[PDB]
Protein chains: 2
Amino acid sequence: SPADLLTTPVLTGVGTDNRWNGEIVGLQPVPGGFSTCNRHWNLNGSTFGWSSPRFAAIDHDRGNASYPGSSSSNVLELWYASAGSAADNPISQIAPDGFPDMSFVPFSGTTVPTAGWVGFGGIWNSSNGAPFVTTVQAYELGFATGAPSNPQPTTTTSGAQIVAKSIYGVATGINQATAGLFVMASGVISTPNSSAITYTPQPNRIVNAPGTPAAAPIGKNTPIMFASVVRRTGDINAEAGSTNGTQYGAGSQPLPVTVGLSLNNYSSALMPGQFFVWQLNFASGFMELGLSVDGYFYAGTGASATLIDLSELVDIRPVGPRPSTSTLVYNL
Amino acid sequence: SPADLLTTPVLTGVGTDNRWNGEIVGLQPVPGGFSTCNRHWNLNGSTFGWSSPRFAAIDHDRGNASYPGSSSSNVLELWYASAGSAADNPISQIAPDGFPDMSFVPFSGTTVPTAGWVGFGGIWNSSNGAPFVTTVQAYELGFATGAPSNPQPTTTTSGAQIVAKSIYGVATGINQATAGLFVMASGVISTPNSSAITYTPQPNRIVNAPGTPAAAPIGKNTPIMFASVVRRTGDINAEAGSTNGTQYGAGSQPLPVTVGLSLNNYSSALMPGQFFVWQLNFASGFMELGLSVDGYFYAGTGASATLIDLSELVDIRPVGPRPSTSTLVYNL
Ligand SMILES: CC(=O)N[C@@H]1[C@@H](O)[C@H](O[C@@H]2O[C@H](CO)[C@H](O)[C@H](O)[C@H]2O[C@@H]2O[C@@H](C)[C@@H](O)[C@@H](O)[C@@H]2O)[C@@H](CO)O[C@@H]1O
Ligand SMILES: CC(=O)N[C@@H]1[C@@H](O)[C@H](O[C@@H]2O[C@H](CO)[C@H](O)[C@H](O)[C@H]2O[C@@H]2O[C@@H](C)[C@@H](O)[C@@H](O)[C@@H]2O)[C@@H](CO)O[C@@H]1O
Ligand code: NA
Ligand code: NA
Ligand code: NA
Ligand code: NA
Ligand code: NA
Ligand code: NA
Ligand code: NA
Ligand code: NA
Ligand code: NA
Ligand code: NA
Ligand code: NA
Ligand code: NA
Ligand code: NA
Ligand code: NA
């Protein structure tokens with residue numbers, strides 16, 4: 001039974017989201033639909049992505065490292081490799097385990113990119129594993145085409161490149177035809193000033209492998225993401241309730257659900273066109289969430305884009321398989 | 001009942017340790033005993049530490065930032081504040097939530113410290129939350145006395161300072177009488193070359209608050225830590241099985257246990273002098289673990305210091321309250 005995949009702690013403060021590893025505190029409806037594959041599992045034990053259900057480090061041992069010009073001090077360091085080159089990843093060779101599923105946001109001049117996935121780390125020496133210590137920085141990671149001269153976003157892994165670019169100047173740039181990337185897998189969001197931005201990533205930024213099924217509304221049932229408060233570079237001190245705005249990141253699944261789906265096969269749980277339904281019991285009122293065979297969650301919220309606060313969620317109880325045709329209750 | 005605190009996934013690949021957030025893959029006996037309080041809970045709902053049972057970010061908004069000399073390029077950046085100054089931490093004002101419980105390892109010259117807790121981040125501007133972008137680096141964090149001129153390790157929080165020092169040169173140093181620290185809470189271990197070192201932290205490096213109870217052997221029952229593979233700075237690419245050696249970090253508890261202990265009070269579970277016992281069932285053979293009222297785990301391994309491999313652990317079953325006087329079975 002899927003029932004124990006989603007239990008009370010998962011959405012009441014313990015569970016984190018499968019993209020940012022942030023404590024889930026809201027449900028973000030997506031009336032326009034979305035797709036996600038990375039660190040996302042279905043009910044047949046499979047992922048279309050390239051990441052295990054954990055947050056550790058991003059490591060690839062063979063890419064091109066460079067910086068522009070004849071002066072190496074305080075430069076933007078660029079690392080890139082081809083998607084499909086992660087030979088040492090048994091899940092998928094598309095990208096290193098943990099590489100974020102977000103399209104690259106280009107940046108130049110004095111401009112910090114908006115809504116980039118950013119992680120800390122740097123370049124390392126492919127011949128011995130030692131870091132190039134003068135390249136440690138915050139790096140934007142994403143999928144692109146056209147590197148090195150003009151990396152531009154792409155949202156398919158097919159024909160893509162994986163790119164890392166420091167968002168601030170490194171102490172001393174490194175040019176190496178073969179060099180490694182090391183970045184910690186729990187990210188922050190790039191912003192150019194103190195203001196919070198929209199929930200990140202927006203659907204049109206998410207990178208998906210060929211074959212990834214899409215989540216679309218079914219009647220009044222609308223796909224959701226799981227929202228957590230995520231740090232942002234323009235005001236790195238900001239937390240929940242900041243007067244400069246609260247920043248949300250979102251993921252397609254609670255990580256505890258992803259973990260469970262990755263450990264057992266649930267393919268006999270649902271018949272075609274069913275959700276597995278749970279009831280979310282608030283201090284007053286309740287709502288239902290439905291899980292599809294493809295691993296996406298739904299709420300009965302129709303066209304509403306408004307974040308649903310989970311602070312008054314008390315517990316979760318399983319309902320069972322139900323038709324996706326039936327409107328999920330939303331009675332808060 | 002404590003029974004569901006420790007279930008099969010906690011030690012068979014899902015659970016991470018409460019110091020490094022690494023996947024637990026071994027049990028490390030500590031025949032000489034140890035103490036731990038940070039991100040450690042007891043069975044009466046309480047911690048002596050200063051950290052919540054999660055890994056997010058370390059943030060303190062008021063410390064002294066400096067570098068030595070009249071040349072600001074490629075310098076070691078130092079940040080320090082007094083222990084007890086974390087006013088915004090409701091768990092404890094000893095230190096910012098997530099600050100590591102390890103004594104500071106001094107370093108100078110061209111020397112990278114051995115066995116330091118290292119995290120990525122930098123200094124930020126107390127007046128607005130914006131990072132000082134030229135200070136991003138890998139930083140050693142620990143407790144010390146004698147900063148700024150001569151920080152030296154301490155293992156009590158009483159009268160201590162909290163220190164962060166970049167282990168590599170920052171692009172441009174910053175001198176500020178009041179400045180913030182931001183460091184991601186999942187660390188790596190500093191090493192000066194490619195070799196793995198002993199499990200980290202060793203008992204004599206762990207920083208404890210006043211009142212913290214110690215774990216000592218009880219008959220043939222010996223306290224243990226939970227070991228995970230942790231990255232090291234001297235060979236940042238090394239993972240499990242590296243020919244340069246496998247590096248372990250250890251924590252006093254599996255994080256899922258810490259979480260459970262922080263959410264409910266278990267003080268009626270055990271009578272004085274009892275362990276709550278679980279049986280660990282391997283492909284062949286079995287052993288018992290016991291949990292004391294103070295939240296420490298024990299195994300019946302006596303004087304053995306050898307890491308116990310969990311790769312062949314299949315499942316866990318609860319036994320119940322038993323006298324700590326009874327030798328925990330070790331029959332692998
Ligand atoms: C020079 C100036 O005007 N600076 C302000 C800065 O002081 C503000 O910080 C907030 O101040 C209030 C009290 O006045 C509280 O102390 C808030 O906690 C604090 O906001 C927090 O810190 C700042 C630095 C940001 O990181 C913010 O995201 C945090 O929530 C800010 C915001 O009011 O405005 C100016 O920068
Ligand atoms: C120039 C040179 O001789 N370098 C070697 C380096 O190549 C070694 O790495 C190992 O090489 C074997 C094949 O010969 C495998 O490819 C290993 O995966 C590789 O070890 C891994 O990469 C190195 C860079 C380290 O990060 C190590 O921890 C990894 O496990 C190493 C070790 O044998 O020695 C020299 O540096
Ligand atoms: Na959970
Ligand atoms: Na990793
Ligand atoms: Na990988
Ligand atoms: Na660019
Ligand atoms: Na592809
Ligand atoms: Na740098
Ligand atoms: Na938004
Ligand atoms: Na677990
Ligand atoms: Na107590
Ligand atoms: Na935090
Ligand atoms: Na020092
Ligand atoms: Na103290
Ligand atoms: Na720097
Ligand atoms: Na050791």
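In each ligand, atom 1 is the first atom listed, and ligand 1 is the first ligand listed. Below, read A as the first sequence line, B as the second, and so on, with proteins coming before strands; counting in each chain starts at 1.
Protein heavy atoms are found inside the 4.0 Å sphere centred on atom 36 (O) of ligand 1. Remark: atom 19 (C) of ligand 1 lies closer than 4.0 Å to no protein heavy atom. At least one protein heavy atom sits closer than 4.0 Å to atom 27 (C) of ligand 1. Within the 4.0 Å cut-off (strictly below), no protein heavy atom is located near atom 10 (C) of ligand 1. Contact annotation for atom 13 (C) of ligand 1: protein absent (non-hydrogen atoms, distance under 4.0 Å). For atom 32 (C) of ligand 1, the nearest protein heavy atom lies closer than 4.0 Å.
A donor-acceptor contact closer than 3.5 angstrom links the side chains of A:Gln253 and A:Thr258. Side-chain polar atoms of B:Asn89 and B:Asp97 form no donor-acceptor pair below 3.5 angstrom.
Between A:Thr178 atom OG1 and A:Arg62 atom CZ the span is 8.0 Å, to the nearest 0.5 Å. The OG1 atom of A:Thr135 sits 6.5 Å away from the CD1 atom of A:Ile174 when rounded to the nearest 0.5 Å. Between the CH2 atom of B:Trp79 and the CG atom of B:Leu181 there is a distance of 5.0 Å, given to the nearest 0.5 Å.
From the protein, the heavy atom lying nearest to atom 34 (O) of ligand 1 is A:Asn244 OD1, 4.8 Å. In terms of protein heavy atoms, atom 25 (C) of ligand 1 is closest to A:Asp235 OD2, 3.2 Å. The protein heavy-atom contact nearest to atom 29 (C) of ligand 1 is A:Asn237 OD1, 3.8 Å.
In this structure, A:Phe182 and B:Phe120 have tilted ring planes: the angle between them lies in the 30° to 60° band.
Considering each of B:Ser127, B:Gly180, A:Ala240, the one bringing a non-hydrogen atom nearest atom 4 (N) of ligand 1 is B:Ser127.
Under the 6.0 Å cut-off for aromatic ring centres, B:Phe55 and A:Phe55 do not qualify, their centroids lying 6.0 Å or more apart.
Residue pairs meeting the side-chain hydrogen bond (donor to acceptor under 3.5 Å, both in side chains) criterion with at least one partner in residues 103-112 of chain A, sequence neighbours excluded, are A:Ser103-A:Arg205. Contacts classified as side-chain hydrogen bond (donor to acceptor under 3.5 Å, both in side chains) and involving residues 5-28 of chain A (residues at least two apart or in different chains) are given here: A:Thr16-A:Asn21, A:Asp17-A:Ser228, A:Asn18-A:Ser252, A:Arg19-A:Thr36, A:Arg19-A:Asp101.
By the 3.5 Å distance cut-off applied to N or O atoms, B:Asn128 is not counted among the residues near ligand 1. In terms of polar-atom proximity, A:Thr243 is counted as a contact of ligand 1, with an N or O under 3.5 Å from an N or O of the ligand.
Atoms of ligand 1 found under 4.0 Å from any heavy atom of A:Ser242 (numbered from 1 in listed order, with element): 27 (C), 28 (O), 30 (O). Numbered from 1 in the order shown, with element, the atoms of ligand 1 that lie under 4.0 Å from a heavy atom of B:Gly129 read 24 (C), 26 (O).
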